[PDB]
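Below: one structure, written as structure tokens.
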Amino acid sequence: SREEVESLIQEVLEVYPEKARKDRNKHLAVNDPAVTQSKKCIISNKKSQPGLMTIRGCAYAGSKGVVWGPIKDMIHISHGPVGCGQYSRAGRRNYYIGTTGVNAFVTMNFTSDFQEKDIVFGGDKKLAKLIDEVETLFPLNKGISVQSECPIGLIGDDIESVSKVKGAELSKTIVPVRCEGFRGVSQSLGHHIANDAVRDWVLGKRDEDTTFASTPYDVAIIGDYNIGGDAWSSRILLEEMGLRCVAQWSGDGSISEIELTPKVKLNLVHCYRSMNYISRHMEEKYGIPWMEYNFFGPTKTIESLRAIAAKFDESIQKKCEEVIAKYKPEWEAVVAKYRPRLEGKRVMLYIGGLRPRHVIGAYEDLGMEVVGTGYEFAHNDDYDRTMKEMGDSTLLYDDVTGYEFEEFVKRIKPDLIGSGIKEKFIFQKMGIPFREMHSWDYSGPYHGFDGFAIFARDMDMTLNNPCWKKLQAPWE
Amino acid sequence: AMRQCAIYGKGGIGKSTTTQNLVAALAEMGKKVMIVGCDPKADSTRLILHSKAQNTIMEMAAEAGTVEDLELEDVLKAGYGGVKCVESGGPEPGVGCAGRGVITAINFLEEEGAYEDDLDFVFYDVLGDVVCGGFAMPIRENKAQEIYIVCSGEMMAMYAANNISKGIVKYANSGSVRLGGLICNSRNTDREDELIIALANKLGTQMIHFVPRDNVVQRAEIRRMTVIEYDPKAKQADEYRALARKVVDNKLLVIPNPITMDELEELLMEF
Amino acid sequence: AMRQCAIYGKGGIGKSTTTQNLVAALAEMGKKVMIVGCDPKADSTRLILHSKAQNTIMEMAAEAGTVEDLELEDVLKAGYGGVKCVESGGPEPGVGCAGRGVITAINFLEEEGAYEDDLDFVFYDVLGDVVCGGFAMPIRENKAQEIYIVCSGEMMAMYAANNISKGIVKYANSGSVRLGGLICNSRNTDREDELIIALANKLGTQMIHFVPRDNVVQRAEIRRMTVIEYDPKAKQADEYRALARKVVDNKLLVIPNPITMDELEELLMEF
Amino acid sequence: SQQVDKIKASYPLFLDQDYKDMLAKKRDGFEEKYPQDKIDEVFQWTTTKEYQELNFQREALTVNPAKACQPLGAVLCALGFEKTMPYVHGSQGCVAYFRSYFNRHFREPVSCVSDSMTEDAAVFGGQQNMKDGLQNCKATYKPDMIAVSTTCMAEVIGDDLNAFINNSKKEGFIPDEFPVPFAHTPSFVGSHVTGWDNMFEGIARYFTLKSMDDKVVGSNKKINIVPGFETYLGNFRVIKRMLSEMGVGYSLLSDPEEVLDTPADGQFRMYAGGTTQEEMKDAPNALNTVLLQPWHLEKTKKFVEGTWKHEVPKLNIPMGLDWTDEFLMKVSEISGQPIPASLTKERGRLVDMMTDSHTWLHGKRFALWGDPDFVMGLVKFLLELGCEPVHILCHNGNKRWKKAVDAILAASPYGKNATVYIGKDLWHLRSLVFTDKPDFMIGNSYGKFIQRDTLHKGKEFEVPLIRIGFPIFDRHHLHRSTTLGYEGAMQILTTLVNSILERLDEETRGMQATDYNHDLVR
Ligand SMILES: Nc1ncnc2c1ncn2[C@@H]1O[C@H](COP(=O)(O)OP(=O)(O)OP(=O)(O)O)[C@@H](O)[C@H]1O
Ligand SMILES: Nc1ncnc2c1ncn2[C@@H]1O[C@H](COP(=O)(O)OP(=O)(O)OP(=O)(O)O)[C@@H](O)[C@H]1O
Ligand code: ICS
Ligand code: CLF
Ligand code: SF4
Ligand SMILES: [Fe+3]
Ligand SMILES: [Mg+2]
Ligand SMILES: [Mg+2]
């Protein structure tokens, strides 16, 4: 009931001091799908209250860890002290194909290893020497990206001058990114900075080149980062429809795909939150239209496939119909096997910018009801999008705190929680099944028809695991 | 066709006062000019605006949550003769980071385009003690192209100008920022003009002007006004107008040549 | 018995000059004193040491890898009268971060055992424009206990003093740091003394002394020699002795309270 | 296509033909990927010794380091005290990364907070940030103590933690008697172990510096134990067990055992166990303090000797046989209690195991890396086993540690082919294991890629990894292990011998080719 949810929110917020309670009262809402303007119900994109155990990251995570990191042919330098690159090394399963250490460098950690002399006296000369060493030790790289950390932004190093000079001298593309963590409030400004860097330094290099042959069925996936192979599972469907995909942004993506993107006919954007800026810039500068699509679950995938096919001629529409006809029995069998064991169970979600609303349709396809969802750093537009996908009288939390999420789970009592590693063991100790929704719990892919089966199997294996019937000792 | 000049020098040598009187003189003859004060204590626009407290970029950004939510109109303030005034702002002394303040303020002025296609001059009044890259913000690429150092015939200003030239030489080699001249504010000790000319020749630059120590400016600073706003028939007003004319008519831009402390010994043992 | 004092004010007022001559006078009286220079320009101990600079902590720490392997006697040298001199140093202007250098140098001095030499006075020479907490390190806990501000009869000097007091009140309520006095340098301006004592007795502080503008000081720094050494028989070189006597005897440690400029404006109608 | 009977995850679903053709088409059409022969010859060049010479000339580039930053160790130290909250003054991304790192290693909830300082806080300072953060943390999570560390952002700008905390107490945000110890943990100095040392020194200072007027050394008949940066719960367990078997009264300061080992019984516990504040205030009254990892507990040693007036023994880490004996004998001398027959019998069992396994352990070559104390303990234990350490790497080591390990190597005959490297990363170790092949590697999960590298050159050049150290990410429940004491030596011996035997079994599994040496009894 709506009144019950409101009373729960008030009881939860009763423990905070005055200013923190006033701030947090605006980040908790009860859903009403009839509302098209979520700013009248929820407030987003604001600084987190101090000392409340937020689960948000920094702009460095949004730039190096999200956007630039998956690009395999580049070498990414974590300019600054040692901690950031080490904590961000291989922690995200942005899958790629390549010979690591020779032509692919996604899982490797390049850093300047800042010391105190580099803070007091600077690090421009050290950065130039590092560029020389990178070139001499990894000759097969196709570019360098210098991701800034907090001290680099504080002490005012001129990484742009070093990038320009060494790019002129070595005939290589060096992209300086000012992704210092104290900038912004979360990873979203990291996304913005990374997209601006791509626009300024990489995108417009084949602007006066006509070597590429452009079929009238050229598409580019923007915002798919191949988490466990999701981008490949979407690309197989895209090509089966008859479409030629030139670029993948940025999971398993090369530099050449990025530079060939301005030649495509359609921009299929999966993660609007992280790539909407570059999509709009491409639409303004090159006139390439961009459309959003969802490949979570069979219903959403079929709808998205029909939507993409509607923008091409009749041959692509016929191939799309053939693709749905071919993949129908597989997902029907998946549903027949797994929906009976997952019918009626309730799911609470807390993920970052996109997945809290994208994976909902997959849950409804398995007879699952999402009783509460929320974002880490999404803006109000994402909330406008998600209010029409969530049911009536459902909790919505933005930048939830550990206490708030704990109390919400204690009162609501969902059958399953999908969130990150920073809350997995907390809820696993409360006897509640948990699924890692950032890393697919080291499983996947979940995109597409091939990934729907894995998604159903994983939800079954976690929700129905016998280990949840043994937490209470028989003598207690 | 918009020219960008930075005003550097030692602390207390008269950067802000001379800069504001110079831009007032420039507005007198009728070119639109902007002032950007990179001083955390926010005194670079006091005389033009006739106000003690204004809305700096950082306090307004703190009120508005983030710098991304700031509006140029809330921080851009006109003054005498259409001169536009903006203050970087910063913390009270002893806390935080002034240099990051200048960095963020200049980045904001560059992303939210503040250099409209109407300005003939943009001055950057920089802090006296540049101790980090943030205070070297005004003199990077796509930024101030001319640098003027304010000095005087004392060991203080000579040594400080030499160190400031040492700092500039790296940006001059990396970029295209040059020394356009040296302004000396007289302390009336002895043989000031000859010593300033000697140091300028040693570095490779010119003495832009000699502005004598006139108490009238102090009186003007009593009521938050420039000398131009005071009785314009005063001699110092004509001196500032002549300085503005010479600044408009400047051609010589060189890469400065820093000198060793022994050269300063030789120069000191010359008068 | 080890009194720790820090000299603040506006840039260009004459901190270093006043601190060095005062330390020389104190050493002449017979008090062992150590100067710590927190200015990257590295000139706070040039008159005592009769040289520009020997070895700064940050230069030596960078040349030797890290400050952990550095030794005390390597960076610190004794000058006239046993004045035990060390200097933080830092980068050339426009690059790096000098505040972190000051932080590291002070931490190094504390951990190595610099303040355990039965010293009587420890004097911190800090730059006028305190732009970060690194330059507020000398006024942290267990650091300098008395702060003396040097300012002349100037509008911005008296405004820089107020801003410094605004910075001080943060450190004065969380420790034992108190504003020990108000040293007044001169500009040979009319009725300077009375206005300065008006500020002193309207701020709750006391005016310690008023040092006249004598050309001998500028005639002694050319020979990198203190006025005490240049000529201990003039009208000056005894003004600094009087200032030293009144510094050893000062017992008024009063938390400052910033004043309003409008009311301060009334003092100009007095002079 | 997926079969509902046997669903395939990424491996091997991306090995089917259609996915292979899709990948090949994308590669040949849009990557402009280098020709394969170029890749093979570049990889071969990376495996040579000219590449090693170029690699070891690096001065500004660090590739795949083997260390972290100070606030991680500060958080680990703060987690070892009763109802204590690790507060980090700075950016929230740092706390997120620390929490994710420790969650992936320990597979346990890790509680840490930040004031989430932003750009305006960078410009203006974090005074209001810390006031609000301390009030919010105390109100919401109800800790008995808040231990404050710093990020590099706050350390560059000179944030005065002392003044900020005193102002927060004065203005009423927290009670005056609420303990808020702090430590400055710059990430551009040292590593995570340095942060642990600084946090412990800060807590000890806060609890003891101003109350050393009524403290007499040896009044409470106890020995303080400082474990340092430890990521094996079994180490705390074995230390406490051995001290209790001797009957020695002890106070294990910074005991994170319980908070990292909470049961799954239906409720979530933010705080569990931990060193109590009464144990910290009574620490100077102990007989003596023993540091288990002295090579990163330097500031702590200086403080203990200069303030608590405890003559800290010069003992290495109690690892292996000889150093465990020295630790037990020194504890017996300090406390006056004899070593019981149980520990003598355990030592006999360890010696029996070494006697049993010496045939398979003798002459094997190892390339190892990790923390200073742990690495030197491994070197000593391997020398006692007859093994030959050939590549010893410590990214966060110093010259003095290099000299100590060189002396240890020179004492033994099994250290004639041993080189010790300080300041080198895992790319240097990759070059070393390619140019001077050891039998095995000993390190954390980051070494797995090196193993992969070797397997790309050939099956005969493969260097298997043995996972001992921090962090271990691709194996479950290895943080339960023990490395200290006789139990730890037994565990390490079993792991090494079984790894050698497993490698031999893999090498001899070829029918009609190498199965003549596939012996049932080894
Ligand atoms: N020509 C002049 N005659 C008299 N006083 C002057 C003259 N020029 C400047 N001053 C005075 O010198 C003092 C310092 O000048 P100003 O405020 O311009 O210094 P600044 O170098 O810009 O400041 P800072 O280096 O501290 O940032 C003020 O009291 C000012 O009024
Ligand atoms: N009482 C005085 N009479 C005459 N000249 C003086 C007097 N005091 C100082 N001077 C001169 O003024 C200069 C003092 O500048 P000094 O470097 O000491 O100032 P400061 O306050 O340290 O400046 P900053 O903070 O910018 O480094 C010297 O050239 C010195 O000879
Ligand atoms: S990029 Fe974003 S937090 Fe859109 S920063 Fe984050 S691999 Fe999440 S909800 Mo981790 S806006 Fe991707 C995301 Fe979504 S790292 Fe992944 S799962 S779809
Ligand atoms: S918010 Fe983000 S992760 Fe934090 S530092 Fe800043 S860019 Fe980086 Fe880095 S080394 Fe350690 S983890 Fe920090 S204290 Fe600095
Ligand atoms: S020296 Fe400059 S960059 Fe460093 S803390 Fe101070 S203001 Fe910031
Ligand atoms: Fe667990
Ligand atoms: Mg000024
Ligand atoms: Mg000085």
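Following the order of the structure tokens, chains are lettered A, B, ..., residues in each are numbered from 1, and ligands are numbered from 1.
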Taking only residues of chain C that have an atom at most 7 Å from an atom of ligand 1, what is each one's shortest atom pair and its distance in Å to one decimal, using only C-alpha atoms and all ligand atoms, in chain and number order, as a tab-separated table?
```
residue	atom	partner	partner_atom_place_in_ligand_line	distance
C:10	CA	ligand 1	26 (O)	6.2
C:11	CA	ligand 1	26 (O)	5.6
C:129	CA	ligand 1	26 (O)	6.8
C:154	CA	ligand 1	29 (O)	4.6
C:155	CA	ligand 1	29 (O)	4.8
C:156	CA	ligand 1	29 (O)	4.8
C:157	CA	ligand 1	29 (O)	6.3
```
For the residues in that selection, give me C-alpha atoms as a CSV table (one decimal), in the first residue's frame.
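Everything below was put into again_33.csv:
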```csv
chain,number,residue,atom,x,y,z
C,10,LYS,CA,50.9,40.8,3.3
C,11,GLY,CA,53.5,40.1,0.6
C,129,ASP,CA,49.4,35.0,0.5
C,154,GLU,CA,48.0,50.7,3.7
C,155,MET,CA,44.4,49.8,2.9
C,156,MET,CA,45.2,46.3,1.6
C,157,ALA,CA,47.8,45.8,4.3
```
TODO: Please identify every polymer residue within 6 Å of ligand 5, using only C-alpha atoms and all ligand atoms, and present the set as a PyMOL selection string.
DONE: (chain A and resi 154-155) or (chain B and resi 97-100+131-132) or (chain C and resi 97-99+131-132) or (chain D and resi 156-157)
TODO: Using only C-alpha atoms, find which residues of chain D lie within 9 Å of chain B and jot them down as a ChimeraX atom specification.
DONE: /D:118-126,154,156-160
TODO: Pick out the residues sitting within 12 Å of residue B:178, and hand them over as JSON, numbers by chain; count only C-alpha atoms, and ignore anything fewer than 3 positions along from it in its own chain.
DONE: {"B": [4, 5, 6, 139, 140, 141, 143, 144, 145, 146, 147, 148, 149, 165, 167, 168, 169, 170, 171, 172, 173, 174, 175, 181, 182, 204, 205, 251, 252, 253, 254, 255, 256, 257]}
Selection from above, N, CA, C and O atoms, as a tab-separated table (two decimals), in the first residue's frame, can you write it?
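Contents of the output file selection33.tsv:
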```tsv
chain	number	residue	atom	x	y	z
B	4	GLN	N	44.68	38.92	-25.11
B	4	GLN	CA	44.67	38.42	-23.75
B	4	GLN	C	46.00	38.72	-23.08
B	4	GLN	O	47.06	38.30	-23.57
B	5	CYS	N	45.95	39.44	-21.97
B	5	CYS	CA	47.12	39.86	-21.23
B	5	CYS	C	47.00	39.40	-19.78
B	5	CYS	O	45.92	39.44	-19.20
B	6	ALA	N	48.12	38.97	-19.22
B	6	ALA	CA	48.21	38.57	-17.82
B	6	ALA	C	49.08	39.58	-17.08
B	6	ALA	O	50.07	40.08	-17.63
B	139	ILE	N	48.19	31.52	-18.21
B	139	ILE	CA	49.21	31.64	-19.24
B	139	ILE	C	49.46	30.33	-19.97
B	139	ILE	O	50.56	30.08	-20.47
B	140	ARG	N	48.44	29.48	-20.07
B	140	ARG	CA	48.58	28.26	-20.84
B	140	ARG	C	48.04	28.48	-22.26
B	140	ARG	O	47.76	29.60	-22.67
B	141	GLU	N	47.92	27.39	-23.01
B	141	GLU	CA	47.47	27.47	-24.39
B	141	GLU	C	46.02	27.92	-24.47
B	141	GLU	O	45.21	27.62	-23.59
B	143	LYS	N	44.90	30.88	-24.08
B	143	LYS	CA	44.74	31.71	-22.90
B	143	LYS	C	45.59	32.96	-23.11
B	143	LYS	O	45.91	33.31	-24.25
B	144	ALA	N	45.92	33.66	-22.02
B	144	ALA	CA	46.67	34.91	-22.12
B	144	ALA	C	47.91	34.75	-22.99
B	144	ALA	O	48.72	33.84	-22.77
B	145	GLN	N	48.05	35.63	-23.97
B	145	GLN	CA	49.16	35.59	-24.91
B	145	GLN	C	50.27	36.58	-24.57
B	145	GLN	O	51.42	36.34	-24.96
B	146	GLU	N	49.96	37.66	-23.87
B	146	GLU	CA	50.98	38.61	-23.42
B	146	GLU	C	51.08	38.56	-21.90
B	146	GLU	O	50.08	38.36	-21.21
B	147	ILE	N	52.29	38.73	-21.38
B	147	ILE	CA	52.52	38.79	-19.94
B	147	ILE	C	53.21	40.11	-19.62
B	147	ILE	O	54.21	40.46	-20.26
B	148	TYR	N	52.68	40.84	-18.64
B	148	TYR	CA	53.30	42.04	-18.11
B	148	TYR	C	53.64	41.82	-16.65
B	148	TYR	O	52.76	41.44	-15.86
B	149	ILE	N	54.90	42.05	-16.29
B	149	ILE	CA	55.37	41.91	-14.92
B	149	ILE	C	55.46	43.30	-14.31
B	149	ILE	O	56.05	44.22	-14.90
B	165	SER	N	60.01	35.05	-14.52
B	165	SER	CA	60.49	34.75	-15.86
B	165	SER	C	60.98	33.31	-15.97
B	165	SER	O	60.74	32.64	-16.99
B	167	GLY	N	59.78	30.87	-14.31
B	167	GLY	CA	58.56	30.09	-14.41
B	167	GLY	C	57.92	30.17	-15.79
B	167	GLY	O	57.40	29.18	-16.30
B	168	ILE	N	57.93	31.36	-16.39
B	168	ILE	CA	57.31	31.55	-17.70
B	168	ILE	C	58.04	30.80	-18.80
B	168	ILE	O	57.38	30.28	-19.72
B	169	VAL	N	59.37	30.68	-18.72
B	169	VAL	CA	60.14	30.15	-19.84
B	169	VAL	C	59.66	28.76	-20.26
B	169	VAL	O	59.69	28.42	-21.44
B	170	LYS	N	59.18	27.95	-19.31
B	170	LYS	CA	58.72	26.61	-19.67
B	170	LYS	C	57.44	26.67	-20.50
B	170	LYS	O	57.30	25.93	-21.49
B	171	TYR	N	56.51	27.55	-20.14
B	171	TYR	CA	55.30	27.72	-20.94
B	171	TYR	C	55.61	28.36	-22.28
B	171	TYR	O	54.96	28.04	-23.29
B	172	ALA	N	56.58	29.28	-22.31
B	172	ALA	CA	56.98	29.89	-23.57
B	172	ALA	C	57.56	28.86	-24.52
B	172	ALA	O	57.27	28.88	-25.72
B	173	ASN	N	58.39	27.95	-24.01
B	173	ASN	CA	58.93	26.88	-24.84
B	173	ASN	C	57.83	25.91	-25.26
B	173	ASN	O	57.81	25.46	-26.41
B	174	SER	N	56.93	25.57	-24.35
B	174	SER	CA	55.86	24.63	-24.67
B	174	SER	C	54.77	25.28	-25.51
B	174	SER	O	54.22	24.64	-26.42
B	175	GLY	N	54.44	26.53	-25.23
B	175	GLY	CA	53.35	27.20	-25.92
B	175	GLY	C	53.77	28.41	-26.72
B	175	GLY	O	54.83	28.41	-27.35
B	181	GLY	N	56.32	43.17	-21.80
B	181	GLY	CA	56.93	44.35	-21.21
B	181	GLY	C	56.98	44.23	-19.70
B	181	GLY	O	56.44	43.31	-19.10
B	182	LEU	N	57.66	45.21	-19.11
B	182	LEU	CA	57.79	45.32	-17.66
B	182	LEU	C	57.28	46.68	-17.21
B	182	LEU	O	57.74	47.71	-17.70
B	204	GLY	N	65.60	40.92	-21.98
B	204	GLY	CA	65.34	40.99	-23.41
B	204	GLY	C	64.02	41.66	-23.73
B	204	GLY	O	63.51	41.54	-24.85
B	205	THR	N	63.46	42.37	-22.76
B	205	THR	CA	62.16	43.01	-22.90
B	205	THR	C	62.35	44.52	-22.76
B	205	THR	O	63.47	45.03	-22.72
B	251	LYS	N	54.33	45.94	-29.71
B	251	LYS	CA	54.74	44.97	-30.72
B	251	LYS	C	55.74	43.94	-30.21
B	251	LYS	O	55.76	42.82	-30.73
B	252	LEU	N	56.55	44.28	-29.22
B	252	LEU	CA	57.71	43.46	-28.85
B	252	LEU	C	57.28	42.37	-27.88
B	252	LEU	O	56.91	42.65	-26.74
B	253	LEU	N	57.34	41.12	-28.33
B	253	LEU	CA	57.05	39.96	-27.50
B	253	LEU	C	58.20	38.97	-27.64
B	253	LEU	O	58.43	38.45	-28.74
B	254	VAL	N	58.90	38.71	-26.55
B	254	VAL	CA	60.08	37.86	-26.57
B	254	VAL	C	59.94	36.76	-25.53
B	254	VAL	O	59.12	36.83	-24.61
B	255	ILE	N	60.74	35.71	-25.70
B	255	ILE	CA	60.91	34.70	-24.67
B	255	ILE	C	61.92	35.24	-23.66
B	255	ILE	O	63.06	35.53	-24.04
B	256	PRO	N	61.55	35.39	-22.40
B	256	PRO	CA	62.47	35.99	-21.43
B	256	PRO	C	63.69	35.12	-21.19
B	256	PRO	O	63.63	33.89	-21.28
B	257	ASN	N	64.81	35.77	-20.87
B	257	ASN	CA	66.05	35.08	-20.56
B	257	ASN	C	66.38	35.29	-19.09
B	257	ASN	O	66.88	36.36	-18.71
```
- [ ] Among the residues of stretch 4-100 of chain D, find those DSSP assigns to strand (DSSP E or B) from the backbone and print them as a PyMOL selection string.
- [x] chain D and resi 9+62-63+81+84-89
Go ahead and write the residues just picked, N, CA, C and O atoms, as a PDB file, in the first residue's frame.
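out-v5.pdb, freshly written:
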```pdb
ATOM      1  N   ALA D   9      27.411 -20.850 -20.399  1.00  0.00           N
ATOM      2  CA  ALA D   9      27.797 -19.482 -20.081  1.00  0.00           C
ATOM      3  C   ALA D   9      28.799 -19.001 -21.127  1.00  0.00           C
ATOM      4  O   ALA D   9      29.017 -19.657 -22.147  1.00  0.00           O
ATOM      5  N   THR D  62      55.171   2.562 -14.541  1.00  0.00           N
ATOM      6  CA  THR D  62      54.948   1.418 -13.666  1.00  0.00           C
ATOM      7  C   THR D  62      53.818   0.584 -14.248  1.00  0.00           C
ATOM      8  O   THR D  62      52.707   1.091 -14.441  1.00  0.00           O
ATOM      9  N   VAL D  63      54.096  -0.686 -14.522  1.00  0.00           N
ATOM     10  CA  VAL D  63      53.148  -1.579 -15.176  1.00  0.00           C
ATOM     11  C   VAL D  63      52.818  -2.705 -14.212  1.00  0.00           C
ATOM     12  O   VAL D  63      53.713  -3.442 -13.783  1.00  0.00           O
ATOM     13  N   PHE D  81      39.177  -2.829  15.879  1.00  0.00           N
ATOM     14  CA  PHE D  81      38.847  -2.315  17.199  1.00  0.00           C
ATOM     15  C   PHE D  81      37.342  -2.386  17.420  1.00  0.00           C
ATOM     16  O   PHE D  81      36.554  -2.301  16.475  1.00  0.00           O
ATOM     17  N   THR D  84      34.310   0.124  16.125  1.00  0.00           N
ATOM     18  CA  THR D  84      35.075   1.224  15.564  1.00  0.00           C
ATOM     19  C   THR D  84      34.747   1.373  14.086  1.00  0.00           C
ATOM     20  O   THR D  84      34.593   0.379  13.370  1.00  0.00           O
ATOM     21  N   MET D  85      34.631   2.619  13.641  1.00  0.00           N
ATOM     22  CA  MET D  85      34.197   2.919  12.292  1.00  0.00           C
ATOM     23  C   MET D  85      35.343   3.532  11.504  1.00  0.00           C
ATOM     24  O   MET D  85      35.858   4.589  11.902  1.00  0.00           O
ATOM     25  N   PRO D  86      35.789   2.912  10.406  1.00  0.00           N
ATOM     26  CA  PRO D  86      36.767   3.576   9.536  1.00  0.00           C
ATOM     27  C   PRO D  86      36.151   4.715   8.738  1.00  0.00           C
ATOM     28  O   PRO D  86      35.372   4.491   7.805  1.00  0.00           O
ATOM     29  N   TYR D  87      36.501   5.939   9.112  1.00  0.00           N
ATOM     30  CA  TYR D  87      36.089   7.150   8.421  1.00  0.00           C
ATOM     31  C   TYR D  87      37.273   7.645   7.602  1.00  0.00           C
ATOM     32  O   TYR D  87      38.393   7.716   8.114  1.00  0.00           O
ATOM     33  N   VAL D  88      37.039   7.956   6.331  1.00  0.00           N
ATOM     34  CA  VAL D  88      38.085   8.446   5.443  1.00  0.00           C
ATOM     35  C   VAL D  88      37.691   9.838   4.971  1.00  0.00           C
ATOM     36  O   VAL D  88      36.669  10.007   4.298  1.00  0.00           O
ATOM     37  N   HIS D  89      38.506  10.825   5.323  1.00  0.00           N
ATOM     38  CA  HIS D  89      38.268  12.225   4.995  1.00  0.00           C
ATOM     39  C   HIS D  89      38.753  12.460   3.571  1.00  0.00           C
ATOM     40  O   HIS D  89      39.956  12.544   3.318  1.00  0.00           O
TER      41      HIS D  89
END
```
TODO: Record the distance separating atom 26 (O, counted along the ligand's line) of ligand 2 and atom CA of residue C:187, expressed in Å with one decimal.
DONE: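 Interatomic distance, atom 26 (O, counted along the ligand's line) of ligand 2 to atom CA of residue C:187: 15.8 Å.
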Open item on the list: Quick check: residues of chain A within 12 Å of chain C, only C-alpha atoms, returned as JSON, numbers by chain.
Closed with: {"A": [115, 116, 117, 118, 119, 120, 121, 122, 123, 124, 125, 151, 152, 153, 154, 155, 156, 157, 158]}
Include C-alpha atoms and write out the residues we just selected as a compact mmCIF listing (two decimals), in the first residue's frame.
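Okay, this is what ended up in selection-v9.txt:
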```
# COMPACT_ATOMS: atom_id res chain seq x y z
CA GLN A 115 55.55 10.00 -5.17
CA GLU A 116 55.88 13.15 -3.09
CA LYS A 117 58.53 14.68 -5.35
CA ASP A 118 56.04 14.38 -8.22
CA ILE A 119 53.48 16.31 -6.17
CA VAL A 120 55.78 19.07 -4.94
CA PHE A 121 57.66 19.54 -8.22
CA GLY A 122 55.15 18.26 -10.80
CA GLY A 123 54.80 15.37 -13.18
CA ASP A 124 54.86 16.70 -16.74
CA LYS A 125 58.44 15.56 -17.41
CA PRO A 151 46.27 15.16 -7.18
CA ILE A 152 46.73 15.83 -10.90
CA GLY A 153 43.67 18.06 -10.89
CA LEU A 154 44.69 19.71 -7.63
CA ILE A 155 48.25 20.67 -8.58
CA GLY A 156 47.35 21.88 -12.07
CA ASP A 157 49.50 19.66 -14.27
CA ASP A 158 49.26 20.52 -17.98
```
TODO: Using only C-alpha atoms and all ligand atoms, find each residue with an atom at most 7 Å away from ligand 4 and format the answer as number ranges by chain.
DONE: A: 57-61, 81-84, 149-150, 180-182; D: 69-71, 91-94, 97, 151-153, 187
Task: Spatial neighbours of residue A:428, max dist 10 Å, only C-alpha atoms, sep filter under 2 positions, as a PyMOL selection string - done: (chain A and resi 417+423-426+430-435+468) or (chain D and resi 108-109+264-268)
Written selection (C-alpha atoms) as a tab-separated table (two decimals), in the first residue's frame:
```tsv
chain	number	residue	atom	x	y	z
A	417	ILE	CA	18.09	-8.70	-4.23
A	423	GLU	CA	26.04	-5.28	-0.38
A	424	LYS	CA	26.15	-8.93	-1.48
A	425	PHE	CA	27.44	-10.45	1.76
A	426	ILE	CA	25.37	-8.12	3.94
A	430	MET	CA	20.35	-12.02	6.41
A	431	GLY	CA	19.18	-15.17	4.62
A	432	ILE	CA	18.18	-13.40	1.40
A	433	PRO	CA	19.34	-14.65	-2.03
A	434	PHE	CA	21.60	-12.16	-3.77
A	435	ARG	CA	22.59	-11.77	-7.42
A	468	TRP	CA	18.79	-20.59	2.43
D	108	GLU	CA	32.71	-10.44	3.96
D	109	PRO	CA	30.96	-7.10	4.52
D	264	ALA	CA	25.42	-16.43	8.46
D	265	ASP	CA	22.72	-16.93	11.10
D	266	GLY	CA	19.97	-14.66	9.77
D	267	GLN	CA	21.17	-11.28	11.05
D	268	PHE	CA	23.79	-8.80	9.85
```
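Counting only C-alpha atoms, residue C:70 has the following residues at most 9 Å away, ignoring those fewer than 6 positions along the same chain: residues 57, 60, 61, 64 and 108 of chain C.
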Task: Contacts to ligand 7 at 10 Å cut-off (only C-alpha atoms and all ligand atoms) as an MDAnalysis selection string - done: (chainID B and resid 7:19 37:45 125:129) or (chainID C and resid 11 129 156)
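Rounded to one decimal, atom CA of residue B:264 and atom CA of residue C:87 lie 21.8 Å from each other.
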Task: Near-ligand residues for ligand 3, threshold 6 Å, only C-alpha atoms and all ligand atoms, as a list in words - done: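 Listed by chain and ascending number, the contacts are residues 62, 66, 187, 225, 271, 273, 274, 351, 352, 353, 354, 355 and 438 of chain A.
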